[PDB]
Amino acid sequence: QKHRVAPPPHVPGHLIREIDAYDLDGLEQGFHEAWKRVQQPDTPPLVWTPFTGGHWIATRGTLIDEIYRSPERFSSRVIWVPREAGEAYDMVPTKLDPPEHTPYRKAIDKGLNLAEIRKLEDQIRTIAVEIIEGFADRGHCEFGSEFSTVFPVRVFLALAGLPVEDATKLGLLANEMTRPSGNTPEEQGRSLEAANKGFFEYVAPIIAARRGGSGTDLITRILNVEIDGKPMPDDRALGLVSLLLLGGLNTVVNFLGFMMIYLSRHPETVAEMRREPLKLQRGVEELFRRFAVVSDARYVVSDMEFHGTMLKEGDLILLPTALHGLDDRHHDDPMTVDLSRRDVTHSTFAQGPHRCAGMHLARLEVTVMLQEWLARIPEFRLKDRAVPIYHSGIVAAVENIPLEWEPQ
Ligand code: HEM
Ligand SMILES: CC1(C)[C@H]2CC(=O)[C@]1(C)C[C@H]2O
């Protein structure tokens, strides 16, 4: 049963589209394919859906890029749909606008900057190799449960100095954040609230122990960056450490599944990566253009007209980032991975002050994964007649990716 809200007076009927971000029409064919259905040659740049409490959707890459870059007009005070969930959302610095945002991003950058991430390469590689060698000789694996849900999680827990046995409970919380249970805005609001509270509960004792700590882990490093000459306050720290976990454990996991499904169906592309190691390294950004995973929102600051559309203060706009990288107006043949594409511009990591803090880590993890995968399993395919199961939400998800190959 579908829950609809009535459009407000300022929303004209010709802009209304029945789009359910948590259950996209056509989702069985793929998350990216389902979002692409929304982006027809003449659809308005901004459309409004009565689902998920009622909100706008930006349908073209230029709007998505622009909105991310304009925090003074499009605020981060709410970045989730439905509104109830977005209002319950308590993660730092992602809930913040400049200038409050900036010192917390600085703190994060102390741990996640490119020079720090480069130091992590060999530890990431070791984890990759270890997992891959578990099944490489076997000639088949279920890629989701045997690799994509394992690799980025072990990497991040190691980096964060946390026990790997916590993976399960943290993945469960993460999934209730990005796809909160419920068929109703109020239900989803509650689901998100309980998950966000679970993160705070888990993270509180760690914060208390690592304040002033001498650990070399990511949490200790970031926790102990001063904020305006003072220790980071408790409320902020809870939201900050929870966000680290949320970003580290869900994002790359999901991305890898979508990426691998495409690769398993395009051996010519795989062969190119295998024969030119530099095309692989240089081609990773094209993969990020092609396999966006995040669809989140911004809050309209003031009554305004934007791309010919009347917007009211408090309106939410969902930003399906796939609709930038896959916008046929930004990239010719957007659905094809072209490792040589010169222009790969995309919003897979968003734009503006919130542009992904973990993007260097995400690129390194993917780069190392492909290098170590192709070294040991150079050719592979999706099992015959296999059907991946897809989910849409704030972060896309996919499971059931049975791969097959001939042991080398
Ligand atoms: C496939 C991988 C990833 C994708 C597609 C991705 C996507 C994004 C997006 C779209 C945002 C902006 C959200 C918004 O403000 O509306 C973001 C922010 C952020 N991400 Fe990532 N992310 C990925 C990996 C990671 C990883 C591995 C981490 C490690 C902790 C991470 C940490 C963060 C943090 C801390 C922010 C907030 C930055 C700020 O508010 O200034 N992300 N990410
Ligand atoms: C949308 C995000 C991917 C981004 C902000 C969130 O809450 C995430 C789910 C984790 C972080 O990286």
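When reading the values below, keep in mind they use all heavy atoms of this one structure, side chains included, and skip hydrogens, waters and symmetry mates. Every number for a ligand or one of its atoms is a count from 1 in the order of the listing. Residue indices begin at 1 and follow the sequence shown.
- Each of the following atoms of ligand 1 lies closer than 4.0 Å to a heavy atom of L243: 35 (C), 37 (C).
- Of the heavy atoms in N254, none comes closer than 4.0 Å to ligand 1.
- Within 6.0 Å of atom CG in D332, 12 or fewer heavy atoms from other residues, nucleotides or ligands are found, so the atom counts as exposed in its surroundings.
- The heavy-atom pair separating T321 from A292 by the smallest distance is OG1-CB, 3.4 Å.
- The shortest N or O to N or O distance between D296 and ligand 1 is below 3.5 Å.
- Set against the non-hydrogen atoms of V252, the atoms of ligand 1 under 4.0 Å away are 1 (C), 2 (C).
- Residue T94 has at least one heavy-atom neighbour below 4.0 Å for each of these atoms of ligand 1: 15 (O), 40 (O).
- The aromatic rings of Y390 and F258 lie parallel to each other, their planes meeting at an angle below 30°, with 60° marking the opposite boundary.
- Aromatic ring centres of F135 and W373: separated by under 6.0 Å.
- Cation-pi geometry between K169 and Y202 is not satisfied (NZ or CZ under 6.0 Å from the ring centre, within 45° of the ring normal).
- Proximity to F255 (heavy-atom distance under 4.0 Å) selects the following atoms of ligand 1: 1 (C).
- For the residue pair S392 / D23, no side-chain donor-acceptor distance below 3.5 Å is found, with atom types taken as modelled.
- Nearest protein heavy-atom contact of atom 34 (C) of ligand 1 is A357 CB, 3.8 Å.
- Atom 32 (C) of ligand 1 has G358 N, 3.7 Å as its closest protein atom, hydrogens excluded (heavy atom only).
- Residue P353 approaches ligand 1 through these ligand atoms, each under 4.0 Å from one of its heavy atoms: 41 (O).
- Protein heavy atom closest to atom 3 (C) of ligand 1, with residue, atom name and distance, is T251 CB, 3.5 Å.
- Contact analysis puts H101 in contact with ligand 1, with a non-hydrogen atom separation below 4.0 angstrom.
- The ligand atoms of ligand 1 that sit less than 4.0 angstrom from a heavy atom of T348 are 5 (C), 7 (C), 10 (C).
- Of the candidates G247, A107, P93, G247 brings a heavy atom nearest to atom 27 (C) of ligand 1.
- Of the candidates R236, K197, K95, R77, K95 is the only one forming a salt bridge (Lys or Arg N to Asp or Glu O under 4.0 Å) with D90.
- Closer than 4.0 angstrom to ligand 2 lie heavy atoms from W80, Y89, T178, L243, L246, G247, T251, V294, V395.
- Nearest protein neighbour of atom 30 (C) of ligand 1, counting heavy atoms only, is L244 O, 3.4 Å.
- Any N or O atom pair closer than 3.5 Å counts here, and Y68 shares no such pair with ligand 1.
- Considering both main-chain and side-chain atoms, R105 comes within under 3.5 Å of ligand 1 through a nitrogen or oxygen pair.
- Between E116 and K119, at least one side-chain N (NZ, or NE/NH1/NH2) sits under 4.0 Å from a carboxylate O, which counts as a salt bridge.
- Here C356 has heavy atoms under 4.0 Å from ligand 1 in both its backbone and its side chain.
- Centroid-to-centroid, the aromatic rings of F306 and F74 come within less than 6.0 Å.
- Under a 3.5 Å cut-off, the side chain of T251 and the backbone N or O of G247 do form a donor-acceptor pair.
- For the pair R355 and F349, the cation-pi test (distance below 6.0 Å, angle within 45°) is failed.
- The contact set between ligand 1 and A350, taken as ligand atoms under 4.0 Å from a residue heavy atom, comprises 10 (C), 12 (C).
- Between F288 and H346, the distance separating the two ring centers is not shorter than 6.0 angstrom.
- With no hydrogens or angles considered, a side-chain donor-acceptor pair links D217 and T220 at under 3.5 Å.
- Both the backbone and the side chain of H354 come within 4.0 Å of ligand 1, counting heavy atoms alone.
- The one candidate from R298, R73, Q351 that meets the side-chain contact (heavy atoms from CB on, under 4.5 Å) condition with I67 is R298.
- When only modelled atom types and interatomic distance are considered, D97 and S75 share a side-chain donor-acceptor pair under 3.5 Å.
- The closest approach between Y104 and ligand 1 stays at or above 4.0 Å for every heavy atom of the residue.
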- Task: Walk me through it: do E142 and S145 pass the test side chain to side chain donor-acceptor pair (under 3.5 Å)?
- Result: CA-CA 6 Å; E142 203 287 275; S145 66; 3.0 Å; yes
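- Under the 4.5 Å side-chain criterion, counting only non-hydrogen atoms from C-beta, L120 is in contact with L159.
- Nearest residue to atom 35 (C) of ligand 1 from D97, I108, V366 is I108 (criterion: closest heavy atom).
- Look at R298 and you'll find a heavy atom under 4.0 Å from some atom of ligand 1.
- Below 4.0 Å from some heavy atom of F156 lie the following atoms of ligand 1, by number and element: 29 (C), 30 (C).
- Of the heavy atoms in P152, none comes closer than 4.0 Å to ligand 1.
- By the 6.0 Å contact criterion, CD on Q1 is open, its count of non-hydrogen atoms from other residues, nucleotides or ligands being 12 or less.
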